[PDB]
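Q: Test case, fold it:
(chains A, B, C, D, E and F, ligands or ions: 1)
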Amino acid sequence: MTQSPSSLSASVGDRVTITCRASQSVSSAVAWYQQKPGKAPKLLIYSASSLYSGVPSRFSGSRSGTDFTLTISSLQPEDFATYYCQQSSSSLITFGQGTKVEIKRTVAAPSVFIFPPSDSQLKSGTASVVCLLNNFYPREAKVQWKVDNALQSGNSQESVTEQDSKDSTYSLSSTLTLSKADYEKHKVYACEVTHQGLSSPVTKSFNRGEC
Amino acid sequence: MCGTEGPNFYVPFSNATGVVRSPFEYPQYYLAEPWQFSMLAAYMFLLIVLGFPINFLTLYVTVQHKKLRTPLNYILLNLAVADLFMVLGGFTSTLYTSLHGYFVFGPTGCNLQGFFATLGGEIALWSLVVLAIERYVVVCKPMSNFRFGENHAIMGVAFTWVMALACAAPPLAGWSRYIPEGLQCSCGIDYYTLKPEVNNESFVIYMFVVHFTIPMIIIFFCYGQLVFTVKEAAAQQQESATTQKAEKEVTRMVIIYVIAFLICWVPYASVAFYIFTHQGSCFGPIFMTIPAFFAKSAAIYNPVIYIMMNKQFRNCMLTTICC
Amino acid sequence: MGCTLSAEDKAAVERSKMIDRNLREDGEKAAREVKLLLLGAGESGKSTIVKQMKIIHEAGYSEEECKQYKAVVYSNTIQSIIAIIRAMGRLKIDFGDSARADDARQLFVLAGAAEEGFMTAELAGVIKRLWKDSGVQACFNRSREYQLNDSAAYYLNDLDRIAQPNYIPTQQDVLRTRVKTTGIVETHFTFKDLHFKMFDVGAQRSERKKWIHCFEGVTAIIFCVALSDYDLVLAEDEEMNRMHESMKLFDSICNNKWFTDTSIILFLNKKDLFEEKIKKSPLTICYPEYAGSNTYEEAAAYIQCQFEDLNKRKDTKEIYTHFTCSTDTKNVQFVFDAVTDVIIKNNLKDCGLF
Amino acid sequence: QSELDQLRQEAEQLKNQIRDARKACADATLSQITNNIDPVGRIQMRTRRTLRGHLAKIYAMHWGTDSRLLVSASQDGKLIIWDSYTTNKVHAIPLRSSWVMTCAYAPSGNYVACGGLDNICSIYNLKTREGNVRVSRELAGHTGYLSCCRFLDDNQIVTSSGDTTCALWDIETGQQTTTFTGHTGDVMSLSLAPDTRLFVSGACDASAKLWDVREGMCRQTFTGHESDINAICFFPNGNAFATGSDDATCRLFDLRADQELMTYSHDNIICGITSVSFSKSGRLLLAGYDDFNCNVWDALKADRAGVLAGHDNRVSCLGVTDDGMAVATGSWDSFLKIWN
Amino acid sequence: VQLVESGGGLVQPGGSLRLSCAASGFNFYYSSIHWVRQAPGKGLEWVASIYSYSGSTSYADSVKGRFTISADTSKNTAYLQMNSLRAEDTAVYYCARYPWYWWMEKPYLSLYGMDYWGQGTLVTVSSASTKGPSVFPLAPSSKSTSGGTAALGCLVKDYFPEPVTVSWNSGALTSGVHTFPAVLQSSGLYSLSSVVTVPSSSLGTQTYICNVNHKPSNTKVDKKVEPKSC
Amino acid sequence: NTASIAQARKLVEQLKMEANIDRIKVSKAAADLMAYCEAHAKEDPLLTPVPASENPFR
Ligand SMILES: *[C@@H]1O[C@H](CO)[C@@H](O[C@@H]2O[C@H](CO)[C@@H](O)[C@H](O)[C@H]2NC(C)=O)[C@H](O)[C@H]1NC(C)=O
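A: Numbers count the residues shown, from 1 in each chain, chains lettered A, B, ... in the order given. Below is the structure:
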């Protein structure tokens, strides 16, 4: 048996509702933990209603059948982390898949940067070509790439940085691991990414072989 | 014929000597003794100044004291302020026309005064009978499924005033006629003078015999049944002194209702039947004089006896005048 | 303004009209209902009168009531066994079960107590397997002096029989389940077109302030005592006179400002045994002037003249006296014409004639 | 057996230690501190809404934390849930017996619980999917009546009862966890701090005890009253404790000073106290009387900033909303009137 | 109280180590100790537990039949023995305390939750032995967008071990940088990448140094970057 | 007879535990009361009157 939580993001001082629904009839043995990176799990609510000692009045909760609802009113800027749904009714102990909370930002124009590959890694025999589209929200984005006028799959890798505390935006790295012989077998590359967060795309074509 | 008539007047005295003239033109002082009708105008003044302050204190208990409100006191206040309206309009009209010495207002004034005075007497009667059946249904509990409320009260008030328009509809719509009577300073209803146009005798004896026969037997059988009920209830109980005090109170108070009501209302109907039956002879002015103002004395006689019964209103008026 | 929530508002107005219909029917059925209060001193007198008026019922006549005591018997079952385990946990001796898996069964049944559903065979297996340890019966012996319902073992052996489905148990389980005292017991019965409601007192207090002030609205009061109390022992000291505190009760009710205009009805339960002790023993204990005359018949008359003249100068109310009768049918007649008469008095004072 | 008298003498020695310490904290004059502030002035409030529908008395009233829904309990045997903004009903609930001496409402808004002379407290679920109101549990185990009971949290509730005890209840097991003993008189009222850690219990022994939830030990006793105690109210920070009494007087106590601060009365005020409630500011004091008049008191300057009236019969219940915009009242007049 | 883990380390396939969590100041006989697996990039899975009062214990279904556990209540030290490790078993292990029975200690309210949590430690399964880093320098092109950022960074491939300590660009450059997290490549090891937000006009005057600083591997690599037209 | 000396023992022990309790001076406690009372008296909704549109009851 498993359970199906949900995820949402909101602005400062906005009420957020997290729902953890069960599969079968379970008694009131449910706990909610906060997990930010670099910290241990902290217990917030036990037996699905009662609050732990030291937690302020901002948190609430409820029980209806097997549906459980978490309510956070009067949101603080420091409270952004994953929240886990926990079951403790049988000797087997099930943990949830976890949620996330992100801060809503005013929309702004992102920047795409094309970086030509340096000759040092090329003469060193292994290189990576990266087209950085930075300063963008939402979190979800997908990058597509063509190689010698053909799209390939399986040779691509990705990376995600945390939110900058000042710029309040994201920088995501997509990295290709290709051999040197594939670069002699390579003539043309073009980076074009389109997503909902950007209002209008721009066209980009710059090929290797220009210094 | 014993006298003369015109559009709306009749005089029972002989015109064989040719002295009789129109009632609204010259003073008619030969017809009766001067000091007696002057003096009866003076006790009309004494009667209105006697009658007003109990009505005023009734208005003061009506507005000031909220504790005494109940569905039956709607009926009692209806009797009171209705009696205010009739005594003011009709009876101040009588006082003013008696003050001028003869008939000054013209036909319309005593048409208006006529249906006000007569409608006042009969709404007094209908208020008494609806009070009687209301007390009977409340205290006696004929059937289990009823409890008292506003509905039958407002149906009683509306019933009383549609009886008022029932009494007012023939003289207003053109189906009946008003004339002066007696000392011709008041306009009531006729007994002898014949009108071939409408021939109003048959339905005025209809309304007479119905309105006479129904309420008195209603009051008699209902109050008799409740008095016997209280008597047998005392007869089975036999230990509480308050019970025989209660049967004594309802016994004295009910029998004074019957003798007071009987004496005040019945002789007008009696002389109405005997004058309507014996049409061959014409009678002296006192027979045309006494039932009218004796009925008006009954009209001022009703509020004191029918208000005084409740010890709550007695305590409120004594507290009101003592403070 | 949206039309749909406005229609929810007017829908709340017509549903509120349905609520108003419930208030109308409830208020009329309350307003026509005859209310009378019950007090008393002796347990035997009140129990004699209320069991005398009791008409026999069947405990199991309705399957909906069967579902009711399924819930109540399940409540006493689970509540009993959790009381047993927490009673063991409140002991300072280390009393655990030999089989460690049964403790997992016990934590699982503390989890299983919370659900609102029906009883399953596994929980009954848990409480029976834990119940098969005789040290649990030793803990019944220890917990005999603590907060516990004393029939508890019968509920568990009974539930061993109840484990099979589609059972119907007999009357004594239901009646035994309602063997409890506290709370005020209300009774409803009909005699000659009038619907009566009685409110007794459990005797829960000697002192009466708040719940005695909330009994303000009532038509009549029934007060019952045994006149034989001068020969009856109700004492922890030398002074055994029950009639002193009984007259303290009667004077306490009559001198209370809330009940100034409401009457009192008064009964004397025991008379035969009383007459035999009149021959056996003279009533000299109370007053000599009371015992001016030897003869047995007028000995009652002093009691009703004393309890009758204990009124404090009030004549709007009168204390009705009655005597014990062989048949209940004569008793309800006195209540009947008594409450009929006082209703007639109230209507007469309401009309303003008396 | 005479050793009890010996420890009574040592107890009296601790009592004279108490009067010496309370004298040492009684060195200072409060009148100077109350003198150093400006007066507020006359306050006039008007009845903006009135409520109907009850055919009997009003013995209970309690607020929700959302400041919309009000619950009122009559002794004809019905509960009705109010909407205060639009004057609409929400639910109507019949119960087994007409004896109702208290009511409560959930901080979460999901539950409502009542009780009375029948020794059985019932908690009701409002968000059930079937569209009605159902009896979830019936809690019993007391021998007397229960005067007041209120939720601290959704998992565990506190009642006060007529067997001179207090008790902590758990809903899911339906069995009491912790009981509190030590009174000789009946417990008349109850109030708990906003921090939910401490609740105080009034009694008819003219005393008050400060009870703790987790440790189960009465820490401080407050005595010095001449009559029974009817209502209790806490200051919003939890540092001040106010008491009502029968003889038309009210006193304020401090937990940290351990001495009474100021007694409120007047020569023309002879009728007892039926309810006490603060405001969010704590400057104002509301109190109900038996002679139909609710005086509004200044807490610091001890003078009446105004007088409100307009009820015909005795006031039973008084309270304020959590957001501080309104004061609700209830009476034996079978009508509710809110002041703004 | 404090829950302190011990016995961890980085493990090869086929090996075995003993995991331990120390109990400090609380009764160990009346509680249970729990161990969970935190996979990289994913949530939390529960695997094993030790019950002291009854003695029976429960295992995860995928893991049961391999591990065995024992504990000594007198020394306040619980042990976990892990055997038959596989490559997917890399996870961070947290020591956690759940009270099963709350009444036999003292009369307390019912509880359902993890009271005290340890700080945890990383255990991995890898056949990749310790290797020094292979750092590949980058250089910005001459044909670029004025006003953009120049790519002054370094591709650090085939480095070991993790976790990493926060020290970049020889102390002078503490703000304005975005460094990328490592991802698993086809060789089974991790790689690093970084870019610095530099104004385009300042390339002639200011230069930056990649410092690959890893404390347990004793690795200080100064890698020189040179300007080229690309 | 031993029950009431047991209650005497509970009495003297709760009074001995009651003996070691901090006792704040009434001056600074009064300063606390007047300080909260001035603060939320300036934030008082029933002392500062409400506009007719800002009033939810109107
Ligand atoms: C009563 O009858 C006499 C008859 O003598 C009426 O008197 C006559 O009135 C008319 C009016 O136009 C005069 O023309 C006559 O000259 C009068 N006759 C006389 C004085 O002998 C008298 O009007 C009648 N009364 C009425 C109708 O009220």
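
Q: Spit out the contact partners of the residue positioned nearest the centre of chain A.
A: The centroid of chain A falls nearest to residue A:139 when counting by CA atoms, centre = their mean (5.4 Å). Listed by CB atoms under 8 Å, 6 or more residues apart in numbering or on different chains, the contact set of residue A:139 reads A:102, A:170. (C-beta placed from N, C-alpha, C; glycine too.)

Q: Next one: it from residue A:163, what distance?
A: Residue A:139 sits 9 Å away from residue A:163, going by CB to CB, to the nearest Å.

Q: joint contacts of the two?
A: Counting by CB under 8 Å, 6+ apart, the residues touching both residue A:139 and residue A:163 are A:102, A:170.

Q: re the thing from before, how close does the residue nearest to the centre of chain A sit to chain B?
A: Separation of residue A:139 from chain B (CB to the nearest CB, to the nearest Å): 70 Å.

Q: Give me the secondary structure label for that residue.
A: With DSSP: H, G, I helix; E, B strand; the rest coil as the basis, residue A:139 sits in coil.

Q: Tell me which residue of chain B lies closest to chain D.
A: residue B:66 (9.2 Å; CB to the nearest CB).

Q: Over to chain A?
A: Closest point on chain A to chain D, by CB to the nearest CB, is residue A:49, at 4.2 Å.

Q: what do you get for the stretch 51-200 of chain C?
A: residue C:114 (4.2 Å).

Q: could you list every residue that touches that residue?
A: A:27, A:28, D:172, D:173.

Q: how many other residues sit next to the closest residue to residue E:176 other than its chain neighbours?
A: Sequence neighbours aside, residue E:197 is the residue nearest to residue E:176 in space, at 5.0 Å (criterion: CB to CB, 6 or more residues apart in numbering or on different chains). For residue E:197, the tally of surrounding residues (other CB atoms under 10 Å in any protein chain shown) stands at 15.

Q: wait, residue E:197 sits on residue E:177?
A: Yes: under the criterion of CB atoms under 8 Å, residue E:197 makes contact with residue E:177 at 7.2 Å.

Q: mind listing the helices for the stretch 51-200 of chain C?
A: Secondary structure of the stretch 51-200 of chain C (DSSP state H, counting those that start in this stretch): helices located at C:63-89, C:101-112, C:121-131, C:134-142, C:152-162, C:171-177.

Q: Format those helices as JSON lines; extra columns: distance to chain D.
A: Shown next, in JSON lines, are the helices of the stretch 51-200 of chain C (distance: least, CB to the nearest CB, whole Å):
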{"stretch": "helix C:63-89", "distance to chain D": "6"}
{"stretch": "helix C:101-112", "distance to chain D": "7"}
{"stretch": "helix C:121-131", "distance to chain D": "14"}
{"stretch": "helix C:134-142", "distance to chain D": "16"}
{"stretch": "helix C:152-162", "distance to chain D": "14"}
{"stretch": "helix C:171-177", "distance to chain D": "13"}
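
Q: who wins for proximity to chain B among these?
A: Of all those, helix C:63-89 sits nearest to chain B, with 30.5 Å by CB to the nearest CB.

Q: ok, the residue in chain A positioned nearest to chain B - contacts?
A: The nearest approach of chain A to chain B comes at residue A:64, 45.5 Å away (CB to the nearest CB). By CB under 8 Å, 6+ apart, the residues touching residue A:64 are residue D:127.

Q: Just give the number of residues close to residue D:141.
A: Residue neighbour count, defined by other CB under 10 Å, stands at 19 for residue D:141.

Q: Please export the C-alpha coordinates of stretch E:208-226 as PDB.
A: In PDB, the C-alpha atoms belonging to stretch E:208-226 read as follows (Å, rounded to 0.1, in the frame of the first residue of the first chain):
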ATOM      1  CA  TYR E 208      40.400  34.000 -11.500                       C
ATOM      2  CA  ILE E 209      41.900  30.700 -10.200                       C
ATOM      3  CA  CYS E 210      40.100  27.400  -9.900                       C
ATOM      4  CA  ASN E 211      41.100  25.800  -6.500                       C
ATOM      5  CA  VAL E 212      40.000  22.100  -6.200                       C
ATOM      6  CA  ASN E 213      40.000  21.800  -2.400                       C
ATOM      7  CA  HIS E 214      39.100  18.400  -0.900                       C
ATOM      8  CA  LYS E 215      40.100  17.800   2.800                       C
ATOM      9  CA  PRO E 216      40.100  14.000   3.100                       C
ATOM     10  CA  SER E 217      42.000  13.400  -0.200                       C
ATOM     11  CA  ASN E 218      44.800  16.000   0.600                       C
ATOM     12  CA  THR E 219      44.300  17.600  -2.800                       C
ATOM     13  CA  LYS E 220      45.500  21.100  -3.600                       C
ATOM     14  CA  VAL E 221      45.600  21.700  -7.400                       C
ATOM     15  CA  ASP E 222      46.500  25.100  -8.800                       C
ATOM     16  CA  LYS E 223      45.300  25.000 -12.400                       C
ATOM     17  CA  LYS E 224      46.400  27.900 -14.600                       C
ATOM     18  CA  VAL E 225      43.900  29.400 -17.100                       C
ATOM     19  CA  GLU E 226      45.100  31.400 -20.100                       C
END
